[PDB]
Structure formats: structure tokens, C-alpha cells
């Protein structure tokens, strides 16, 4: 059996895998679809403030400029999303970016 936290991690691995091609990496179209399918309420909050999160997410997160998102780069993206929810849990508005 798995705890909720274990299940969550396991599910994140599945989510990554779902959007990969045979090279175990995610291309730009698939990353954007992953975001719309899995983080629609996050994206709606960005839209509410006039921000298109999807305009530059791929290029910001493709750290090595190889036109693919690997697992490490995917984890950085999940960390950015989690950070936003963490800030909300201390009273911030959603989609606050905030790279000061």
C-alpha cells in the first residue's frame, strides 16, 4: 500500500510518462497539453490576471535548450506550480510568478 504522498509522487511519474515520446522526453506541444489537461484551474487563475502562462513556459523550463523537457526539467516546472500554491496558502493571489 501507498500513503497519499507516495501515491502523489507515483502519479507525477505517470503524468510525465503520459506526455513523452519514445525518448522519455516531452516536446513543446505535449507540454502545453499536459498543462491544460492537468493544471486548468491554475491556468484559469493566470488568465484572470491577463497572463498567458503557456506563452513562455516551455522556453523557460527547457534549461538546456534541446527542445525537449526531460524529467529534471519537468520537476522544476512542478516546483514552480507548487511554489505558487504555497504562496496562496499564506494569502497570495494565484499566479504570482514573483522572481523579484
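Residue numbers count along the first chain shown, from 1.
- When the C-alpha B-factors of 22-30 and 67-75 are averaged, 22-30 comes out higher.
- When the modelled residues of the chain are ordered by their C-alpha B factor, residue 49 lands in the highest third.
- Residue 13: CA B factor in the middle third of modelled residues in this chain (values from the PDB entry).
- Sort the modelled residues of the chain by CA B factor and residue 55 lands in the highest third.
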